[PDB]
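Trainee: below is the sequence, then the experimental coordinates.
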Amino acid sequence: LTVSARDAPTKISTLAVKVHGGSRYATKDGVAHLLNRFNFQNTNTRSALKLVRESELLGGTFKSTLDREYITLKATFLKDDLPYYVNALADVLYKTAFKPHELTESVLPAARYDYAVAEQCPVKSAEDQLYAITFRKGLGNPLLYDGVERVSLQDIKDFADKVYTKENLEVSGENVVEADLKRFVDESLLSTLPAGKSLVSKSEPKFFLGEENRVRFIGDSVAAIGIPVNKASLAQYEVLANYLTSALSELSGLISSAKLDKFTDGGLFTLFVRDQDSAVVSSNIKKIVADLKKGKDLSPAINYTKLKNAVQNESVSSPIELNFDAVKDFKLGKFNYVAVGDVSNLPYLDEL
Amino acid sequence: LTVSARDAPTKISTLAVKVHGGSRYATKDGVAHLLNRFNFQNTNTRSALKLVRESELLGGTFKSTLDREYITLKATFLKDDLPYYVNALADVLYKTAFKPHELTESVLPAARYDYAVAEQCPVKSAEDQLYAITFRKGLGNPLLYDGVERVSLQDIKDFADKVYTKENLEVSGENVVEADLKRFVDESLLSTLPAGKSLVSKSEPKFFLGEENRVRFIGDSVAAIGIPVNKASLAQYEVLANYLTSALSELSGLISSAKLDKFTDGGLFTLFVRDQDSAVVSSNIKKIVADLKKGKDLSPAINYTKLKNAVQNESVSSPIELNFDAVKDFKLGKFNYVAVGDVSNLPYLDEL
Amino acid sequence: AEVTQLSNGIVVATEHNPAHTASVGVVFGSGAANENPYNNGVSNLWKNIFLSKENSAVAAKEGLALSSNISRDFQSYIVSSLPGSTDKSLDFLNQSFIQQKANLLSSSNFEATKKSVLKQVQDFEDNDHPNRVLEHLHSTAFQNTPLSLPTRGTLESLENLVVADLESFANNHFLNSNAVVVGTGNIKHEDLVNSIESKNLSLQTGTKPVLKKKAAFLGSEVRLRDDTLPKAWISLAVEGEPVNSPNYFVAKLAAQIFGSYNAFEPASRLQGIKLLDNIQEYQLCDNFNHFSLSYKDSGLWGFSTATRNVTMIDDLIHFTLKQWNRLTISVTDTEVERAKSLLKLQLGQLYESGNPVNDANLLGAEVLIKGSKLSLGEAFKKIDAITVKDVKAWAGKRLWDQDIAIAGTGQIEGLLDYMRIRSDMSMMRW
Amino acid sequence: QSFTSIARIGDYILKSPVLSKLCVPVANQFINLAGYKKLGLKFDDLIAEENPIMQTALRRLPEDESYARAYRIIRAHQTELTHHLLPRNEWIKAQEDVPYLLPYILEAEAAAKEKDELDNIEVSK
Amino acid sequence: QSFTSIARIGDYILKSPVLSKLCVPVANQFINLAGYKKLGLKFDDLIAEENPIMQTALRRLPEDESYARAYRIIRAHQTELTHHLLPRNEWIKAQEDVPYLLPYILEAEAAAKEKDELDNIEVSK
Amino acid sequence: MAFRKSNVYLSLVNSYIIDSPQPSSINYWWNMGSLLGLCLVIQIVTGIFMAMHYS
Amino acid sequence: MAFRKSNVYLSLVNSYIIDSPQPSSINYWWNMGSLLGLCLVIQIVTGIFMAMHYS
Ligand code: HEC
Ligand code: HEC
């Protein structure tokens, strides 16, 4: 029930309600996806239609976005209309109706859409495999619903109960008067919510290395690697990422993506080499792995790698730092490899 | 250019032309497939239509089977009309038209069907994934065409040039007069054919053990293991398979299928645990692996495993033998594991 | 050729052709057709105890393989073995049909066997649509008559069956007079006849089984419409010819004319079948096969088919039946010739198989009705005899303007009424 | 009339130097008098396509020749509806006026001829 | 007439002890005289479905109930065309004549009514 | 596809008087429709024939 | 979809006089058809009106 804020002399305000119900905490393969897509449907006192129609006349919108760890309920509006959105968001968490038909007529469709869109971008199939082979059942859980294991209308309601509780959520109002936000968060239906135990462990959730999976896909062939980090080691893996995506690295043009996914208990560093023909994909990763095996750094990236991690900071969270103007050397231990696309024309873990 | 026979007072004969061109030696992913599906199409001197209209009036049919190692061109007919079916199979190897439209209108479609069917049977999606991980790139070649890497009309043709050669194929007459076959073959286009080098190696090629691969799937979940065998250690794995496929095993009801694929340079042993819910699959596999690790046998399978292997063996090759009555002891070293279906609620190689 | 048959105290029949293994088994002249609505599925229940894990291990050690078959007209229990172990078989056959006729039926095995066929049959009715539709075709074509009983037996009469029923049936049917022991593979005739005559005795000799009422055909239909199924499977037939009939082959040749077809297999679409012109323009079905099922009392001549083109089923039937009309008025000479070659071909592959368990089932069934197996060479002689004129007479009796049996499942809303289909059995004339 | 027929008669003429030297000129003049080249069309574009054979052919035609043919036909309609002729330089020069569809047609024709024959083949014992 | 309106008027008669005692008996009587029960049909089956609201409801009606309704209707036509009634023990019984489709309708009408309101809401500053 | 279905003129005749899906239970009151059709013909035919003599 | 498109009667019109796909290049000779249609009307109308005075 943490209530943050900010305020400023602006006109747009964005109220966010973070709930630890992401794909990690998912009880069944994809329930998180479905519950996210279920948010903002019918509540026992406000149909989905009226919520929209009404919100439009005020000048505001809603959105429910799924993370690998959260289910954020953002709500952008016109500052002075603060209360409406508070009670509105609350109303959702507390009393969404979950009618059997809304699932068949709205939710499942919207979900199968989300999945089919994702199902056609190999960098995202490579990334889904990366998490799956590194952190088996924790963050290795499928982000989206694909019906591999049937999720009934009940399963959604259950996971909705586990997840929509006081201890597990955090309100965060950007450009909002903190005094009024708390006053309004209280006296609202948010407080009348159950207070089940939060679902966040500070301990590192197993790692697994030297694992590889090969997925046959038609079209763009893509090779990628993921390396799990620690609660302190993630400091250098962050700069390594920005270093590999800057004009400072001789081999930035040989990869497509490189980033570090941060968590409150760890992280995964991902590097993707996507192209067209498997020949230029192989050569481009066989070198990336080769030259990084021959550790190198000097970190000229610092004071830039923290300029990129400066603009990417506004979502009320700012761990690390410090170990900037600090560690400046990187080797390359073990990792996990996934080859999506032209399988019989892509390197294995043996080579590399 | 080998030529066999048998002869009997029967009414039905059956010509065969085993050409080493199975998925094993495919230059691109699926060419073996496409070529097989391409057989019996138009030839410069006979239309796919006439071949059929004729053979029907003659009493006889043509077939083209694809092995992991062969491309069998069998032809069942009335004993007397022997010369026809010899020239018939000849014309196909030396002068198949390979017209661009026959690809788009007949081959591609049928090949697409073969793959559409196979894609729904999780045991053949498991067995394919197995060869892929054990033998890697030898027999590890996918059996069927799926267009992950494009194959042009030329490829199907270049590849047909390689495989359809004297020193690579064996005529295998069954229920045919030895003298007359050899006689007819040598005055048919089988002798005019280019004689390139044989594509068979006498040595065991790369095993790779302790490999695992997981495939997400909608339908029946299947857990399965594979074990590469030695050029001699195979005779025992044949009784291992039969023991588990009989009432002699205290666990023949926990598995769906158990067999040993035999080749001239090794072989692969596969056991599948297929079922509707992931739980039963989990139990029955976790058990077989632990139950076999604590080895057993004593050979009550002997004298039976050599009964099932007596009827099966009717196709001009009765090797094995000897090692039975001799070897009779089994355990369970290292293996390969693929879990298809509800991957999330199915075991990993870690446990087992 | 071969095929030799001799009596004794029981009747024995063998067919040896030096190959691989050799199988011996007892084939009873009673089966599904000899059951009742309430005890139905008793034979399919014997088949599974004979193939039980308990009995399977006993023959596995000894180096044998068990194979059972349940049909309408007969029943069979066969044991496979190596050429030399020809005596190991009889000592097992006899052990299970005399010594263990008290064992096996012991609870814990019967309950295990029954729970397994109850599932086995529940799987069949939920999944094997083509064969299920065919089973229902018999069910309605011969309703309220012996032949109408499904071989696997109903799902209800099955869970009401107890050991007693099994025993009662065995005691009434598994008899000396209603049985034939057969031996195929490579085992000689004189080797078996003597090995059997070694241990004398009879076991219920002089006892005859309870007779019944001759099976009859009835123009009718059964429509198991299931809109949730992705295809529409349908079978349709007329009263056929029984085995040991003047037209046994003439009828079998007519089916071969229209034959079988698989819309996805390139070679199949190239066949010399006039019907295939009409069906390929709009792809009326995925597949279809023509048959000529023969039995002791009656038979069924018609075809089965599956289709995804659910809105044009009426044409599938229309064209198919317009072709059948041809057999009475315009069947050409080359259509008949082609049939012979292809009949002989498929007929040969049936008899001449590399599996004695098939050969056994073929020898038993025949000698169990006509008391002798017709040599394959003798068949070809009859097949080549058949003239265009012959096919037309047969069609005039059997096919032209005759009642029909229809059965279907899946999206069959487009299958028109009985009377609409029934009408197509003929054509207008002056 | 079949192209198998047209191609029969035509070649025979084209072979015997007597008929050849006498007809080819008339034919060349007949064609330049026809005026289709002036609309940016090749003769094969004129072949009436409302029949199984032509339909079979057109489908079997390689992608590029097809898109090209598509353009030519549209261009013809636009020009005709404007009642002009294409600028002289855009006219199909006789060297371009190739029978590109023809091989496909003849293939299809003979294929049909056979199917037809094999459907009525008599038997002789 | 809307079911929203029917239930509005019906419930009101039901909820009042005076009106209840004076109407319901006449109601059960009117129902027995109608006779649909003797044809094996629940009154909800009789509701006309050629309109969006009913389509919406029938679409939303759970499988078990749909397949049964399907049978009931097919059964009724078959009976009606034979000019017989079903055997009395097959007649839909009083505690079977349940308004199963009614809630889905009421909900569908509710949703429709709202949309219409929200499509014409006037604004006042 | 059958002819009665494929022909431009017979398909009309077909979907109206041959393949037209009817409710199995319709009684004889549904027979009045065709009767009227007949009536229209009787009137028209008889009329034109009488018209050849009318002034 | 538009009313002219969905309506039973109007649609027949829409697909014959309104949305009917014509080849861009048909010339004035293709105008003869509508003219024959007009003649039929003129003939029919002028005729019925004279019938009111004819013997
Ligand atoms: C010219 C064609 C013609 C048509 C078409 C025609 N009629 Fe007539 N009708 C006549 C003639 C001529 C008479 C005068 C002779 C007679 O009385 O029958 C007549 C007379 C009548 C009469 C007078 C009854 C009587 O005393 O005979 C009635 C009523 C009548 N028509 C009804 C109809 C109806 C209704 C239709 C159409 C549904 C119809 N007619 C169509 C020609 C026609
Ligand atoms: C005042 C109304 C009305 C008139 C007058 C009328 N009809 Fe109908 N007609 C109907 C309706 C409404 C139906 C549909 C009834 C149903 O099938 O439930 C119908 C249906 C029909 C049918 C189907 C068979 C049947 O009886 O249901 C035909 C055919 C038909 N009418 C012909 C005609 C012809 C021909 C005329 C006169 C020349 C005519 N109608 C005049 C109302 C009328």
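Mentor: Yep, it's here. Residues are numbered from 1 along each chain as shown, chains lettered A, B, ... in the order given. Ligands and ions are numbered 1, 2, ... in the order given.
Trainee: let me know the secondary structure of the residue most central in space within chain D.
Mentor: Centroid check for chain D by CA atoms, centre = their mean gives residue D:44 as the closest residue, at 3.2 Å. Following DSSP: H, G, I helix; E, B strand; the rest coil, residue D:44 is assigned to helix.
Trainee: just want to check the distance between it and chain B.
Mentor: Residue D:44 sits 18 Å away from chain B, going by CB to the nearest CB, to the nearest Å. Every C-beta, even on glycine, is put in place using the N, C-alpha and C of the backbone.
Trainee: residue C:347 now?
Mentor: Distance from residue C:347 to chain B, by CB to the nearest CB: 9 Å.
Trainee: quick one: contacts for the nearest residue to the residue nearest to the centre of chain D once chain neighbours are set aside?
Mentor: In this structure, residue D:44 finds its nearest non-sequential neighbour in residue D:101, 4.2 Å apart by CB to CB, 6 or more residues apart in numbering or on different chains. Applying CB atoms under 8 Å, 6 or more residues apart in numbering or on different chains to residue D:101 gives the contacts D:44, D:47, D:57-58, D:61, D:65, D:69.
Trainee: can you give me the strands for chain C?
Mentor: C:4-6, C:12-16, C:22-28, C:65-70, C:75-81, C:179-185, C:220-225, C:232-239, C:260-262, C:287-294, C:299-307, C:405-410 (DSSP state E).
Trainee: the fourth one and chain B in contact?
Mentor: Yes - Strand C:65-70 lies in contact with chain B when judged by CB under 8 Å from any CB of the partner chain; the contacting residues are residue C:65.
Trainee: can you check stretch C:233-251 too?
Mentor: No - judged by CB under 8 Å from any CB, stretch C:233-251 and chain B are separated, with a smallest distance of 15.3 Å.
Trainee: now residue C:370. Nearest residue, chain neighbours left out?
Mentor: residue C:244 (5.1 Å).
Trainee: how close does the one you found get to residue B:273?
Mentor: 48 Å (CB to CB, to the nearest Å).
Trainee: what do you get for residue C:369?
Mentor: 44 Å.
Trainee: hang on, the earlier thing: look at residue C:244 and residue B:273 and report which has more neighbours.
Mentor: residue B:273 (28 against 13; other CB atoms under 10 Å in any protein chain shown).
Trainee: and what about the more buried one, helix, strand or coil?
Mentor: From three-state DSSP, the assignment for residue B:273 is strand.
Trainee: what segments of the chain are helices?
Mentor: Because you didn't say which chain, this covers chain A. Using DSSP state H, the helices of chain A run over A:31-38, A:48-58, A:82-95, A:100-102, A:108-118, A:122-134, A:153-163, A:178-185, A:234-243, A:278-293, A:308-311.
Trainee: hmm, no, I was thinking of chain F.
Mentor: F:3-6, F:10-17, F:32-51.
Trainee: export these to CSV and tack on distance to chain A and mean neighbour count?
Mentor: Listed next are the helices of chain F as CSV, based on distance: least, CB to the nearest CB, whole Å; neighbours: other CB atoms under 10 Å in any protein chain shown:
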stretch, distance to chain A, mean neighbour count
helix F:3-6, 36, 12
helix F:10-17, 34, 13
helix F:32-51, 40, 10
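Trainee: want to throw the ones you listed into CSV with distance to residue A:124?
Mentor: Below are the helices of chain F laid out as CSV (distance: least, CB to CB, whole Å):
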stretch, distance to residue A:124
helix F:3-6, 49
helix F:10-17, 50
helix F:32-51, 62
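Trainee: distance of residue D:78 from residue C:99?
Mentor: Counting by CB to CB - residue D:78 and residue C:99 are separated by 95 Å.
Trainee: the two - which one has more neighbours?
Mentor: Taking other CB under 10 Å, residue D:78 and residue C:99 do not tie; residue D:78 has more neighbours (15 against 9).
Trainee: ok, that one - contacts?
Mentor: G:24-25.
Trainee: hang on, it in a helix?
Mentor: Yes - under three-state DSSP, residue D:78 sits within a helix.
Trainee: mind listing what the residue in the stretch 251-352 of chain A positioned nearest to chain E touches?
Mentor: As assessed by CB to the nearest CB, chain E sits closest to residue A:315 within the stretch 251-352 of chain A, at 34.1 Å. With contacts taken as CB under 8 Å, 6+ apart, residue A:315 has no neighbouring residues.
Trainee: may I have the phi/psi pair for it?
Mentor: phi -90, psi 50 (degrees, to the nearest 10).
Trainee: what's the spacing between it and chain B?
Mentor: Distance of residue A:315 to chain B, computed by CB to the nearest CB: 30 Å.
Trainee: how far away is that residue from residue A:323?
Mentor: 21 Å.
Trainee: residue C:29 too?
Mentor: 90 Å.
Trainee: can you list the residues of the stretch 151-300 of chain C near chain A?
Mentor: Counting by CB under 8 Å from any CB, no residue of the stretch 151-300 of chain C sits close to chain A.
Trainee: what does the stretch 151-300 of chain C put close to chain B?
Mentor: Looking at chain B, the residues of the stretch 151-300 of chain C close enough under CB under 8 Å from any CB are C:264-267, C:270-272.
Trainee: residue of chain D nearest chain A, please.
Mentor: residue D:63 (20.4 Å).
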